[PDB]
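Chain by chain, the residues:
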Amino acid sequence: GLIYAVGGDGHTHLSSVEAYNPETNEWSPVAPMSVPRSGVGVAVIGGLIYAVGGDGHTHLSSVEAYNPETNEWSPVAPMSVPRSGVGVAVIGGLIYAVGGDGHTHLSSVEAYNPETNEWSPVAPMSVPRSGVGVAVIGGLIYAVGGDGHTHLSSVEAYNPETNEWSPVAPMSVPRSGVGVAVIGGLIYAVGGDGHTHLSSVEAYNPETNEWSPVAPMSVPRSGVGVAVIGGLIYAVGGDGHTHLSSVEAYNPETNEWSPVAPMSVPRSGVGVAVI
């Protein structure tokens, strides 16, 4: 029932982690990761938070997992390639690492099986996507935006059972470093970097294959992290006029954003997970 902010970039790349309690509107530190990671992907499975890839001293293939019961991080087998700005989704008991930036922007995808402790390649996307946002709905992994040769407005969806990627309607604007959240049967694309740092937000309906604008955030947030809890979408950190420690929350019932307590430090490219 807590929102974890993992790594990111502010004054430096960060290994620190902190957790937000919506009941108290307070952030508290937890154990740091073994290395700093910005542009890190985070996934929750088997009661653990996995931190996947990111950028630290270099682009990282390494992975580690946090146990809230012990407040300890432990290493996980590394991925086949380094992936900074990687999207991460959980479906069918696997952790998918989607795109990112290694030696170059990546279209490749790979999947981690916690039962075997091994990564395997799966089908690549139709375009490389560094800084991609990902989310799961309807048994599909959606890859939203990112950076190919330029910031992308395009979107595509992966079906694990067919091991194929299929095109989705594009967003209204290009977005990389975009936060992606699912609530009420809709996929929300939050902020990001396009022509400028973005405060705009839009929502995708899989049943109509159309995107619609919703209310913008209080501030542009490139590299924002996003989580859903209590029927709200939380936008965490990111880069506006400067790296932000601030956090704000979206109520779909009223289509309005409101601030909540800020983190201890600014975090852009922050990984955000709920457990």
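Analysis parameters
Residues numbered from 1 in each chain as written, not as in the entry; some residues may be left out. Heavy atoms only, no water. Residues with missing side-chain atoms left out of burial classes, pairs and counts. Pairing = 2+ DSSP bridges. Helix = DSSP H or I, 4+ residues; strand = E, 2+ residues; numbered from the N terminus. Axes fitted to C-alpha atoms, helices over the stretch in contact; angles between N-to-C directions. Buried < 20%, exposed > 50% of the residue type's maximum accessible area, 1.4 Å probe, protein only. Salt bridge = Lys/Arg side-chain N within 4 Å of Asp/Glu carboxyl O.

Its PDB header names X-ray crystallography as the technique used to obtain the model and reports a resolution of 1.70 Å.

(A) Main features of the sheet that holds strand β9 (residues 94-98). Pairing is antiparallel across the open sheet formed by four strands, whose spatial order is β8-β9-β10-β11. Because the sheet does not close on itself, it has two edges, and the strands there are β8 (87-91) and β11 (118-122). The mean angle between the axes of side-by-side strands here comes to 25 degrees, regardless of whether they run parallel or antiparallel. Here five bridges tie β8 to β9, and the two strands are oriented antiparallel to one another. Within β9, the residue paired with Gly-87 across the bridge is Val-98.

(B) A look at the pairing of strand β22 (residues 247-251). Most of β22 sits inside the fold, with four of its five residues counted as buried. Here strand β21 (residues 232-236) pairs with β22 via four bridges, running antiparallel. In the strand pairing of β22, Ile-233 is matched with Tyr-250. Bridge analysis of β22 against strand β23 (residues 256-260) gives five bridges, and the strand direction is antiparallel. By the bridge assignment for β23, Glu-248 is matched with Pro-259. The loop that links β22 with its antiparallel partner β23 comprises four residues; one of these, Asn-255, has a positive phi angle of about 55 degrees.

(C) Layout of the pattern of salt bridges. Counted according to the given criterion, the structure contains six salt bridges. Among the ionic pairs, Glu-156 bridges to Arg-129, the shortest N-O distance being 2.9 Å. With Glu-156 in strand β14 (residues 155-159) and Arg-129 in the loop between β11 and β12 (133-137), this pair connects stretches of sequence that are 27 residues apart. For the residue pair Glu-156 and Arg-129, the accessibility class agrees, reading buried in each case.

(D) Spatial organisation of the sheet that holds strand β4 (residues 41-45). Reading across the sheet, the four strands line up as β4-β5-β6-β7 and stay open at both edges, with antiparallel pairing between neighbours. Two strands lie at the open edges of the sheet, namely β4 and β7 (72-76), each paired on one side alone. Strand-to-strand, the axes of this sheet are offset by a mean angle of 25 degrees, without reference to chain direction. Of the pairings in the sheet, the one linking strand β6 (residues 63-67) to β7 comprises five bridges and is antiparallel in character. Within the sheet, the bridge partner assigned to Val-63 lies in β7 and is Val-76.

(E) Layout of unusual backbone geometry. Even without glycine at this site, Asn-71 takes up a positive phi of about 55 degrees. Relative to the helices and strands, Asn-71 resides in the loop between β6 and β7. Phi at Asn-163 is positive, roughly 55 degrees, even though this residue is not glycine. Here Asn-163 lies in the loop between β14 and β15 (164-168).

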